[PDB]
Every structure is written in structure tokens, then in C-alpha cells.
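Subsequent text provides C-alpha cells for two forms of one protein chain, presented individually as structure 1 and structure 2.
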Structure 1
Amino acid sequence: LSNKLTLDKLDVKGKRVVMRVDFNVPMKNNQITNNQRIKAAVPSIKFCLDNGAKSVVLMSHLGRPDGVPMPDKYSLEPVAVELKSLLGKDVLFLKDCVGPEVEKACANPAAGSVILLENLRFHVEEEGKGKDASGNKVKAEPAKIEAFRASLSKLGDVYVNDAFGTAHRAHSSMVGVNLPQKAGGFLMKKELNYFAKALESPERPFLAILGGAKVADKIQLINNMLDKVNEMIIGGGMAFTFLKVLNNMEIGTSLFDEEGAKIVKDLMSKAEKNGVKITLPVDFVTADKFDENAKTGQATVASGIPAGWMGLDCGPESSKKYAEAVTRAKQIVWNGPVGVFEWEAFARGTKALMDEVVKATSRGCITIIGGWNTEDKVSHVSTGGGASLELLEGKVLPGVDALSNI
């Protein structure tokens, strides 16, 4: 899937390099709470510098500021401070990504310079559509989109896309850069290679672990995975839709997806025609409200969840059945959490499961994780949850397609 130009074939010596990266990291009080997407870009960045690049200009979005500049909430500045630590190299942060000032700054920087621009999405022209201060839904003008693209195009001599997390987005910085050479990066290459081998020639038994809040937005994924896997865990909030429909479990005020409820039968029938074993949870950590300090409880399918209470984690029997499926696997692809792991009271199911998967990695299992302390404890932690969900659904990655051929 990378019959295209890649960085390892790119002479960057004395070249300015504009690189699209995905530096859209989780944040709390403008404090980065996970730097994995940034660490992930370091190998492409270093190769350019090591190979005598004049400069490396990094460009990413952060969050969804919808085409309005929001420095107070969605600035990449924290990332520039984080990058400098992981690189051992000073990082010039620019408070914009286009226009005369940015263009001067990038025109001919000191050699070995590393520039990080401000959030791309502060301009309506990155996405091609924005919003304003009520619902005010804005359309981007074609001539402004071209001027935006032409301005990014000025900031390097060659272009690199290492933004695997964003590969599913057909945005200006993903598809619009007009440079003769547009190469895929080492991340974009590694991500595509782990998924392509997983999907094209899997080790078996092949286990998919799928979690998430609702069913209806995962049909095509589940559908597609059922054609490939030997086993599948359906975990998290979506499990309650399956359990209501299949077991008439009383689920309290748990998540119930009404659309997906209507096709659960079609999913189980496909699974069964394919000989795929579905593992669903059989017990729960419940809570009197969607809250980190909710009073906790416990339930099984047999007991039901009391009224006013909702399941936010699976219970120890469920973790045990999960572990049994993980033990059988020679290959595991895990996307979506199986409880509200953000909250400690509702983390034990996700942590228990991660321990098994980690342990699986040590006996030689292929473990692909999506999106604590993993990263070296599994085969592949992926930087693109949302991007990789579209890979698995067989969909088009504009960010990969817009790359130069061979």
C-alpha cells in the first residue's frame, strides 16, 4: 500500500522539509497528558536532520477549533516544549502556519532548524469548512484554500506526510501541498505495515477486541472484522445493546443503541456463519450516575442492573472470559476501551485486559493496540485510533493517496 514515495528514498540534504505530523495530543490545563503521537514522529524528524536537512517545519492540527483561531484552548505551543525534550533540539514555535511572517521564518532557516507551526485548524482553509460564534457554519472560498495551500507549499522544498493519525482526512495540509516530491514518513509506513500484515496475512487464532459506546457507528468495522477473525470480544458500552437484544438483560440506565439494536441479529448470524466466537461481558461494575465519584455496584446478566444504575466497567468473570480468548490468540487487534478507564473505579476491566495482552506479547503473540505504560509491552501501539478504524473498514486514506508515486 506504499508503492509510493517514502522518506527513505528522499534526498533531504540541504533541503527545507515541510512535514505533516499528528501532534493532536490529549490535554489538561495546557499540559500534555500523552506524548505518544509526538514521540511517534521523532524517527522521521531525526532522519531528516541526521541526513543534513536545512530545516524541518512541522505542521499539525490540535482539537477541533473549527477554523477560528483559539490560542487559549488549542495551541501547539505545549507540544513545541515537549518536542525539544524528546529531540534534544531547540524548537522554534510559530504563532501561525501561513502568511508573510511564517514564510519569512521558513524561507532559509539556520541549518538543522526545527520549526513547529501553530494549529492548522485556526484557518477555515485547512478543513475547507468552519464554524462561528453561535452555530455560524462557514464555507471556505476556493481562492482562499489555494492561497492557504500555496502558503504551506512555500515552507519546504520537499514534503513529508508522517501524520498517520490524520491520514483519513482530506485536508489542505494532508492532500493540498504542491511540492514535486511528497513522501510518506516512517510512521505512516510502520502503521500501514502492521495493519496490512495483520489483515492480509494474520496469525491464527486472530482475535479482534472491540469496544465503544455505541453499536451503530461500528457496523462496517464489525462486519469487515467478521470476515477475517477467528474470535471477537465485543466490549464496553456497546455490549449492553447486544445483551438487551440477545439475553433480554435488564440494563438499567446503561447505554442502549436503538439503531444497532435492530441489526444485532444480523451481526451474530454473520459471526456464526463464519464460525467466529463472540465473547460478550457477563458481569459489570455499575454506577448510580455517569460520574468519576459515583457510588459503585456490581451486576451480572442474571441479576440485571438495578433502575437508575448503569454499567461503566465489566466485572471479574468477564475479564476472565476475555483472558481465555486472549490466551487462545496468536494475533490480537484491539480497538476501543471496555470500560470508562479514564475513571479508576471503572478501569479494572481495561487494565486486567491490558495485562493479558501484554502477557500474550511475551509468548510471541502479535498484539496491535489502538487508542499507561505499554508501547514497548505490545507489538504495535497505533497513533491513529480513528484513522485505523477506517483502514480496517477498508476505506480510503486521502493522506496516503495524495503521496507521490514510486
Structure 2
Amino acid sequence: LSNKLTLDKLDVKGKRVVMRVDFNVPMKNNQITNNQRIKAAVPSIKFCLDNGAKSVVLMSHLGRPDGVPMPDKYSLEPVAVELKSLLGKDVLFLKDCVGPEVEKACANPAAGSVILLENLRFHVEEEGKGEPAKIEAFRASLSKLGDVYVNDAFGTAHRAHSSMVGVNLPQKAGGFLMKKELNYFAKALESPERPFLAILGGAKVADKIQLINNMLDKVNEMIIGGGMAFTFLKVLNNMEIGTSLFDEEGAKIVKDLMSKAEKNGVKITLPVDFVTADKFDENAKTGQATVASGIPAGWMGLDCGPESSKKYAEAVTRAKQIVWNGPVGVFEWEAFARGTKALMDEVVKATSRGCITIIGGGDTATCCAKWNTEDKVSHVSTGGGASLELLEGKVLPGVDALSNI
């Protein structure tokens, strides 16, 4: 951020600070399962308060409510409560993020007020799809909630959304988490140790399959696992995949990706076996499948199997540097957690013999919390797709929108 205003040089004394954070925390049975992303923004928030900010107004999305208010499923209210404990200051939660009543609560707050707005994506104008004059007015309304803007939302920095690129105030500063994450990656990605392995799993198939093309110019090996694999196996193996995650658009580029991997000497490791489920439920009935057998109609692959785990371990053993985003199964549910656990064990072992290991993402970082490996890998990042976009070599929209120095 040499070229960009950062919080360390932003005068906040007597200023209302409006701050985009990534508080898109994982949830389960209505409770936060990992407060990593909330803790990560505390240094910027504390800094503002300690240096005399009149207020800090915090704004984030949570999940993908698709521009419709969904307070029953995707409310940020629970975050406010967790933020109080972490901060040592109370936080006011507002039930919306714009305009008239929110604008009043933020216009002239009591000194030192911390305020958390409701889910930005309850409004279509944040993304805005899921409408030009209304997008302008959405952005104008957010711009009113402070005098200066800070973006500490590393995990969302790849998104050119209204709250990330559309705030119109004279001073737009990168926060300390943004700086910490960009600095770590700049160093780690400058001259990666080789072989450099990327591990891509998870469930955001439509988005993340589109990142593979550029990643293939940077890495020497790739594991394509979790939800990502089924699109590849259907196209390449003509495998029956039941109701497993499948991306129609990405299917159309799978063969081109494999050609480019061959051209670039990138070894691709796909799973060869699976733990299956009769429905998307923690208590689903379960089965086993292989690529040869296919997955039965109406069943889904929710974890890889033992032979896949062995192949993954073999790639990890070869690697001198690893970036991992996306669990290789539905590790939140114990019936589908073994593959991710096994891969985590191998990544920890790699770290202990000198592998540089970077694990990132809202959900993938939760694997580290779940198995107590946050201090047994080289770096745990608050960015998932955001990190993958850095690996591709892009400038992130949330960074690009900051004020030049």
C-alpha cells in the first residue's frame, strides 16, 4: 500500500469513521463458530477510538442473501455481541444500513460510539444484482455515515461492491488488517518456494473455477478438491455425480484448463473416491463411491475418501510452499470431516519440515480453529477468494479504490 493512504497516516481526531470490515463469519445452529474475522479488525477499530475518533461505524455483509432482507437467517446482530467482548467497548447494532433512520443514528454520535450496521447485502444495490440511480443513492447514504472511510475488509477486497469501491469521501484509507494481509502475501508470492502447490476446494464453484486459469501461470501443482472436483470429473471422466455441486459454465472450460495445466507442467490432483450422502444434512445416510463406480442418482459427494487423501498427501509431501483455500469436504459435519482433517494433518507435518503453508478463508480458517492448528501452519489468512485473486497477480478492487498518497 505504498501508493495508498493507510490508517497510520489518517487524521481521525474528532472525525466520524465509516469502516468496511469483513464480518462474514461462519455460523452453525445460529451461533458464530469462529470469530477470527471479527478479532482481525479490532486493531484498526481500537486505533480509531484511541486516536480520538468521534465514532466508528462498521459495515459488512454476511453470507449471500441476494439483495433481500433476511434477518432471520443472515443478521449481523450476533456479531455486535461478540465484538463487545473482543473490543472492551459496547457496540450499537442498527437494524438497517441506510438511509433516514440509520443516517440519524450516525450523524452526530456520542464521542467514542461504535455502531454496527445490518447486512449490506440485504440491499440489491450493494452487489448490486441478485439499477443505476438507486446504486448511486445507496452509496451516497453510506458516505453520510462518516467523515473519513477505512477499508479493513481484506476478505471482501476482491469484490467491487458499493461499500468497497463506492464510498465517496475525500479520504479513503486502508486499515491495518488490509496492510498486514497484503504485506504477508507480497513477500510470500514474490519468489515462492518450489514446488508451489495450490489446494482449491470448498463450495464456491461458479466463482472459483474462473480463477484457475490465471493460477496455472503461478503454481507447479494443484489439488482440485471438495465441491470443485465434481465439475471436472463429470467432464473429464464422464462420471455420474448425482446431486453433487456442479457448475454448468465452468464445465465448458475444464478441458481448456487441463490443456493449459499440461502446457505449463502443472500436476493436477483430483479425488478418486468419496463419502456420499443421500441429502445435504448433517444426519444424512452415507455411502462410499469411487470415480469408476460413480455416485448414485440423488446422492451427493460431501467428502473425499481414503485413496484421495493419500494422493493429496503425496502432493503436500512434494510441496515447498502451499496456499490452501476451500475444505475438501463438508468438515462442519463429522460424517464428512475426515478428508479435511487428514489434509490438515499433512499440512501441519509439512510446516514442521520447512514448508511455507498458507491457509485462508472464512470457512477454511475455521478448520484451523476446529483442529487447533492456527499456530502450526505459516499463515492463516482472513481472505479466501481474496487471497486466490492475489495469487493470480491482480490488484484487488477494494485496494484500488483507496485514496492515492
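Every residue number counts along structure 1's sequence, beginning with 1. For the two forms, the rigid core is made up of the largest set of C-alpha atoms that agree within 1.5 Å on superposition. Residues that one form lacks are left out of the comparison.
In a rigid core superposition between the two structures, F240 is the single residue of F240, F122, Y159, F164 whose Cα is displaced by 2 Å or more. When the larger part is held fixed by C-alpha superposition, the smaller rigid part is turned by 24 degrees between the two structures. Taking the rigid core as reference, the CA displacement of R37 between the two structures comes to 0.3 Å. In the core-aligned comparison between the two structures, the Cα atom of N335 sits 3.8 Å away from its counterpart.
Core superposition gives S318 a CA displacement of 9.5 Å between the two structures.
When the two forms are fitted on their rigid core, the residues between the two structures that move as runs of three or more, each C-alpha shifted by 2 Å or more, fall in 201 to 369, 372 to 380.
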